[PDB]
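Heads up, the chain below is alone and in the form solved without the partner chain; it's given as structure tokens.
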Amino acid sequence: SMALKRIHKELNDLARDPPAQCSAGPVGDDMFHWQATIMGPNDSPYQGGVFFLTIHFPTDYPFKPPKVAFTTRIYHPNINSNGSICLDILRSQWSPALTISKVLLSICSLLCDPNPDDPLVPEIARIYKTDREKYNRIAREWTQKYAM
């Protein structure tokens, strides 16, 4: 299928052009189910943590977006305790030109710069907007407790 060839191409590109501090690929022989790893961006409050994700490609990838879930607990306005990620390119702004590499880089950018106006966790969005210093404090503590 076209999905399987696209997934294989993305995997080879990932191997040859390793993203900035991220990893992703099939665990086992099911090519439509991947695991991914993100190291907390430096200068973000998540620095030093490592965050695990699962990725499920639909059968008509790349014409529908991958489904991505955050497995690791994290304090972030756009990621909730079901692991859902409020990220526009995973939903309305998905385009077949996008890749897992691009998705993982966009997630890293979102960790550095949350979008508090489209919250998944309203109280974290409120702390982020109203008291960045305490937000950063707590995000660091949760990184130490749950992502290390």
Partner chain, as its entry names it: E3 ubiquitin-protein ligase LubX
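Residue numbers count along the first chain shown, from 1.
Of the two segments, 14 to 22 and 120 to 128, the one listed with the higher mean B-factor is 14 to 22 (C-alpha atoms only). Higher mean CA temperature factor, per the PDB entry, when comparing 85 to 93 with 27 to 35: 27 to 35. In the deposited coordinates, the residue among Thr59, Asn115, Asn80, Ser106 with the greatest CA B-factor is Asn115. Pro66: CA B factor lies in the lowest third for its chain, per the PDB record. Ranked against the other modelled residues of its chain, the C-alpha B-factor of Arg6 as given in the entry falls in the lowest third. Remark: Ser101 belongs to the lowest third of its chain, ranked by C-alpha B-factor as recorded. Annotation for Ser44: C-alpha temperature factor in the highest third relative to the rest of the modelled chain, per the entry.
The same protein also exists as the form solved in complex with the partner chain; that form is not shown, yet it is the one meant from here on.
In the bound PDB entry, the partner chain sits within 4.5 Å of a heavy atom of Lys9. Contacts between stretch 91 to 110 and the partner chain, counted in the bound PDB entry as any heavy atom lying within 4.5 Å, involve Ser92, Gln93, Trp94, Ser95, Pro96, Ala97, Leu98, listed in sequence order.
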